[PDB]
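Enquirer: What follows is the file target_26.cif, containing mmCIF, C-alpha atoms:
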data_entry
loop_
_atom_site.group_PDB
_atom_site.id
_atom_site.type_symbol
_atom_site.label_atom_id
_atom_site.label_comp_id
_atom_site.auth_asym_id
_atom_site.auth_seq_id
_atom_site.Cartn_x
_atom_site.Cartn_y
_atom_site.Cartn_z
ATOM 1 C CA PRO A 459 -53.402 -31.296 5.249
ATOM 2 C CA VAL A 460 -51.573 -28.162 4.065
ATOM 3 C CA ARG A 461 -50.356 -28.130 0.443
ATOM 4 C CA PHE A 462 -48.700 -25.581 -1.836
ATOM 5 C CA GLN A 463 -51.805 -24.452 -3.722
ATOM 6 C CA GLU A 464 -49.706 -22.249 -6.013
ATOM 7 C CA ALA A 465 -46.200 -23.409 -6.868
ATOM 8 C CA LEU A 466 -43.053 -21.253 -7.004
ATOM 9 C CA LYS A 467 -42.433 -19.819 -10.485
ATOM 10 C CA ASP A 468 -39.152 -19.611 -12.418
ATOM 11 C CA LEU A 469 -37.947 -15.997 -12.594
ATOM 12 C CA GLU A 470 -35.429 -13.886 -14.493
ATOM 13 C CA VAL A 471 -34.273 -10.663 -12.810
ATOM 14 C CA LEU A 472 -31.621 -8.005 -13.528
ATOM 15 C CA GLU A 473 -28.416 -7.887 -11.467
ATOM 16 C CA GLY A 474 -28.453 -5.413 -8.550
ATOM 17 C CA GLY A 475 -32.203 -5.453 -7.905
ATOM 18 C CA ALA A 476 -34.298 -7.529 -5.535
ATOM 19 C CA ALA A 477 -35.842 -10.885 -6.405
ATOM 20 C CA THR A 478 -39.271 -11.667 -4.944
ATOM 21 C CA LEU A 479 -40.097 -15.382 -4.941
ATOM 22 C CA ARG A 480 -43.780 -16.033 -4.232
ATOM 23 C CA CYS A 481 -45.895 -19.114 -3.540
ATOM 24 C CA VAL A 482 -49.238 -19.904 -1.880
ATOM 25 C CA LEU A 483 -50.419 -22.446 0.720
ATOM 26 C CA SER A 484 -53.875 -24.110 0.852
ATOM 27 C CA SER A 485 -54.433 -22.547 4.276
ATOM 28 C CA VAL A 486 -52.763 -20.106 6.674
ATOM 29 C CA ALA A 487 -49.996 -22.208 8.232
ATOM 30 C CA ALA A 488 -46.456 -21.723 9.587
ATOM 31 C CA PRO A 489 -43.505 -21.994 9.795
ATOM 32 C CA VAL A 490 -42.276 -22.651 6.269
ATOM 33 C CA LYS A 491 -38.629 -23.260 5.398
ATOM 34 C CA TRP A 492 -36.894 -21.701 2.398
ATOM 35 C CA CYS A 493 -33.811 -23.218 0.755
ATOM 36 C CA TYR A 494 -31.174 -22.322 -1.785
ATOM 37 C CA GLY A 495 -30.172 -25.698 -3.227
ATOM 38 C CA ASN A 496 -29.980 -27.873 -0.111
ATOM 39 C CA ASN A 497 -29.077 -24.928 2.154
ATOM 40 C CA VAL A 498 -31.813 -23.716 4.520
ATOM 41 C CA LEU A 499 -31.935 -19.930 4.505
ATOM 42 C CA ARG A 500 -31.784 -17.653 7.540
ATOM 43 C CA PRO A 501 -33.642 -14.337 7.683
ATOM 44 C CA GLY A 502 -30.987 -11.597 7.528
ATOM 45 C CA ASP A 503 -29.676 -8.757 5.369
ATOM 46 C CA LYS A 504 -29.588 -10.998 2.279
ATOM 47 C CA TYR A 505 -32.912 -12.797 2.666
ATOM 48 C CA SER A 506 -36.221 -11.489 3.948
ATOM 49 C CA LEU A 507 -38.819 -14.175 4.707
ATOM 50 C CA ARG A 508 -42.342 -12.763 4.647
ATOM 51 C CA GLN A 509 -45.851 -14.123 5.126
ATOM 52 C CA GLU A 510 -49.257 -12.595 4.359
ATOM 53 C CA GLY A 511 -51.894 -15.182 5.293
ATOM 54 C CA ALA A 512 -51.432 -18.070 2.870
ATOM 55 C CA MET A 513 -49.160 -15.970 0.609
ATOM 56 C CA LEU A 514 -45.456 -16.713 1.083
ATOM 57 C CA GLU A 515 -42.653 -14.454 -0.093
ATOM 58 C CA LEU A 516 -38.838 -14.606 -0.180
ATOM 59 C CA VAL A 517 -36.964 -11.411 -0.939
ATOM 60 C CA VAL A 518 -33.393 -11.820 -2.163
ATOM 61 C CA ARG A 519 -31.788 -8.391 -1.818
ATOM 62 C CA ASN A 520 -28.710 -7.003 -3.635
ATOM 63 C CA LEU A 521 -28.925 -9.577 -6.446
ATOM 64 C CA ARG A 522 -25.587 -10.871 -7.708
ATOM 65 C CA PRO A 523 -25.055 -13.626 -10.330
ATOM 66 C CA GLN A 524 -23.939 -15.937 -7.457
ATOM 67 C CA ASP A 525 -27.449 -15.584 -5.988
ATOM 68 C CA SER A 526 -28.922 -17.312 -9.045
ATOM 69 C CA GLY A 527 -29.944 -20.986 -8.965
ATOM 70 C CA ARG A 528 -32.648 -23.167 -7.461
ATOM 71 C CA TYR A 529 -34.759 -22.032 -4.512
ATOM 72 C CA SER A 530 -37.386 -24.089 -2.685
ATOM 73 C CA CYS A 531 -40.101 -23.667 -0.064
ATOM 74 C CA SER A 532 -41.207 -26.447 2.267
ATOM 75 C CA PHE A 533 -43.927 -27.067 4.829
ATOM 76 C CA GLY A 534 -44.067 -30.370 6.692
ATOM 77 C CA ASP A 535 -43.711 -33.013 3.967
ATOM 78 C CA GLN A 536 -44.711 -30.656 1.140
ATOM 79 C CA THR A 537 -42.275 -28.765 -1.084
ATOM 80 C CA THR A 538 -42.226 -26.467 -4.111
ATOM 81 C CA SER A 539 -39.221 -25.307 -6.133
ATOM 82 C CA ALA A 540 -38.147 -23.006 -9.002
ATOM 83 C CA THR A 541 -35.041 -21.335 -10.446
ATOM 84 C CA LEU A 542 -33.848 -17.753 -10.300
ATOM 85 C CA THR A 543 -31.923 -16.519 -13.349
ATOM 86 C CA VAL A 544 -29.834 -13.361 -12.949
ATOM 87 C CA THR A 545 -29.139 -11.208 -16.020
ATOM 88 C CA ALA A 546 -26.103 -8.917 -16.156
ATOM 89 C CA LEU A 547 -26.764 -5.158 -16.143
ATOM 90 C CA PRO A 548 -25.669 -3.080 -19.180
#
Show me this structure written as structure tokens.

Expert:
Amino acid sequence: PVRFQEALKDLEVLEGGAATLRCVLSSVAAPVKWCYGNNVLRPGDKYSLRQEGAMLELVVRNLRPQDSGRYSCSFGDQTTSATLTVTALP
């Protein structure tokens, strides 16, 4: 049964950049679901959902302070979660 072998990590990123949230599955499986709080994310201009084998990646583009908070990744019954902190640009 597929598990998150490597959990999501808490990150701190500057405003305006791109945040890359990464985790790893115990085998190559799909599809995974990404969430911000309890909201399931849709691939679009804001979020890019990427997969490279067992490596999973969420790109949060055009980072604003409102994009900060808890993100999660889920597959079947398994979940992993971390927080994104956004730091204001000088």

Enquirer: Decode the PyMOL selection byres ((chain A and resi 506) around 8) for the given file into explicit residues and return them as a ChimeraX atom specification.

Expert: /A:501-505,507-508,516-519

Enquirer: Excluding residue 545 (chain A) and residues on its chain fewer than 6 positions from it, collect all residues at most 12 Å away from it, counting only C-alpha atoms, and give them as a list in words.

Expert: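 Using only C-alpha atoms, the neighbours found are residues 469, 470, 471, 472, 473, 474, 475, 477, 521, 522, 523, 524, 525 and 526 of chain A.
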
Enquirer: Find the residues around residue 511 (chain A) up to 8 Å (only C-alpha atoms counted), leave out those fewer than 4 positions away in its own chain, and share them as a PyMOL selection string.

Expert: chain A and resi 485-487

Enquirer: Using only C-alpha atoms, pick whichever of A:513, A:547, A:482, A:466 has the shortest atom-to-atom distance to residue 530 (chain A).

Expert: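 Smallest distance to residue 530 (chain A) is found for A:466.
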
Enquirer: Quick one: which residues end up in the PyMOL selection byres ((chain A and resi 459-463) around 8) for this structure, as a PyMOL selection string?

Expert: chain A and resi 464-465+481-485+487+533+536-538

Enquirer: For this file, the PyMOL selection byres ((chain A and resi 495) around 8) selects which residues, as a PyMOL selection string?

Expert: chain A and resi 493-494+496-497+527-530

Enquirer: Quick check, in Å to one decimal: how far apart do CA of residue 531 (chain A) and CA of residue 489 (chain A) lie?

Expert: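 CA of residue 489 (chain A) lies 10.6 Å from CA of residue 531 (chain A).
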
Enquirer: CA of residue 476 (chain A) and CA of residue 500 (chain A), how far apart in Å?

Expert: 16.7 Å

Enquirer: So how far away is CA of residue 488 (chain A) from CA of residue 543 (chain A), in Å?

Expert: 27.6 Å

Enquirer: Please write a file for region 470-522 of chain A, taken from the block I just shared, that holds C-alpha atoms and is laid out as a PDB file, in the first residue's frame.

Expert:
ATOM      1  CA  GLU A 470       9.651  30.049   4.445  1.00  0.00           C
ATOM      2  CA  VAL A 471       9.789  31.947   1.139  1.00  0.00           C
ATOM      3  CA  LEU A 472      10.035  35.619   0.104  1.00  0.00           C
ATOM      4  CA  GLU A 473       6.975  37.435  -1.266  1.00  0.00           C
ATOM      5  CA  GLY A 474       6.742  37.570  -5.081  1.00  0.00           C
ATOM      6  CA  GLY A 475       8.666  34.370  -5.815  1.00  0.00           C
ATOM      7  CA  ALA A 476       7.477  30.819  -6.354  1.00  0.00           C
ATOM      8  CA  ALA A 477       7.049  28.252  -3.592  1.00  0.00           C
ATOM      9  CA  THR A 478       7.908  24.634  -4.415  1.00  0.00           C
ATOM     10  CA  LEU A 479       6.351  22.129  -2.009  1.00  0.00           C
ATOM     11  CA  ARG A 480       7.859  18.654  -2.379  1.00  0.00           C
ATOM     12  CA  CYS A 481       7.062  15.202  -1.004  1.00  0.00           C
ATOM     13  CA  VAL A 482       7.753  11.574  -1.964  1.00  0.00           C
ATOM     14  CA  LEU A 483       5.614   8.423  -2.295  1.00  0.00           C
ATOM     15  CA  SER A 484       6.742   4.833  -1.545  1.00  0.00           C
ATOM     16  CA  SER A 485       6.038   3.916  -5.172  1.00  0.00           C
ATOM     17  CA  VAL A 486       5.027   5.565  -8.451  1.00  0.00           C
ATOM     18  CA  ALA A 487       1.285   6.113  -8.003  1.00  0.00           C
ATOM     19  CA  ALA A 488      -1.382   8.636  -9.068  1.00  0.00           C
ATOM     20  CA  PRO A 489      -3.465  10.740  -8.820  1.00  0.00           C
ATOM     21  CA  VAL A 490      -2.615  12.671  -5.671  1.00  0.00           C
ATOM     22  CA  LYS A 491      -4.710  15.549  -4.345  1.00  0.00           C
ATOM     23  CA  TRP A 492      -3.234  18.791  -3.021  1.00  0.00           C
ATOM     24  CA  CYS A 493      -5.056  21.056  -0.560  1.00  0.00           C
ATOM     25  CA  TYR A 494      -4.760  24.506   0.929  1.00  0.00           C
ATOM     26  CA  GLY A 495      -6.445  24.137   4.321  1.00  0.00           C
ATOM     27  CA  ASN A 496      -9.515  22.056   3.466  1.00  0.00           C
ATOM     28  CA  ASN A 497      -9.701  23.403  -0.108  1.00  0.00           C
ATOM     29  CA  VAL A 498      -8.667  20.992  -2.877  1.00  0.00           C
ATOM     30  CA  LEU A 499      -6.480  22.792  -5.392  1.00  0.00           C
ATOM     31  CA  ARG A 500      -7.006  22.933  -9.150  1.00  0.00           C
ATOM     32  CA  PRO A 501      -4.100  23.078 -11.600  1.00  0.00           C
ATOM     33  CA  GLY A 502      -4.125  26.586 -13.108  1.00  0.00           C
ATOM     34  CA  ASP A 503      -2.147  29.826 -13.293  1.00  0.00           C
ATOM     35  CA  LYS A 504      -1.718  29.911  -9.500  1.00  0.00           C
ATOM     36  CA  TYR A 505      -0.888  26.263  -8.842  1.00  0.00           C
ATOM     37  CA  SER A 506       1.158  23.848 -10.913  1.00  0.00           C
ATOM     38  CA  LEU A 507       0.840  20.190  -9.886  1.00  0.00           C
ATOM     39  CA  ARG A 508       3.826  18.153 -11.044  1.00  0.00           C
ATOM     40  CA  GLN A 509       4.962  14.544 -10.759  1.00  0.00           C
ATOM     41  CA  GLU A 510       8.336  12.917 -11.462  1.00  0.00           C
ATOM     42  CA  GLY A 511       7.999   9.212 -10.633  1.00  0.00           C
ATOM     43  CA  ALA A 512       7.466   9.024  -6.878  1.00  0.00           C
ATOM     44  CA  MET A 513       8.498  12.686  -6.424  1.00  0.00           C
ATOM     45  CA  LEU A 514       5.541  15.046  -6.003  1.00  0.00           C
ATOM     46  CA  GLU A 515       5.729  18.806  -6.421  1.00  0.00           C
ATOM     47  CA  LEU A 516       3.345  21.756  -5.969  1.00  0.00           C
ATOM     48  CA  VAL A 517       4.391  25.100  -7.389  1.00  0.00           C
ATOM     49  CA  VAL A 518       2.650  28.148  -5.939  1.00  0.00           C
ATOM     50  CA  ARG A 519       3.375  30.992  -8.354  1.00  0.00           C
ATOM     51  CA  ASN A 520       3.268  34.769  -7.696  1.00  0.00           C
ATOM     52  CA  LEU A 521       3.543  34.347  -3.911  1.00  0.00           C
ATOM     53  CA  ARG A 522       1.475  36.784  -1.863  1.00  0.00           C
TER      54      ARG A 522
END
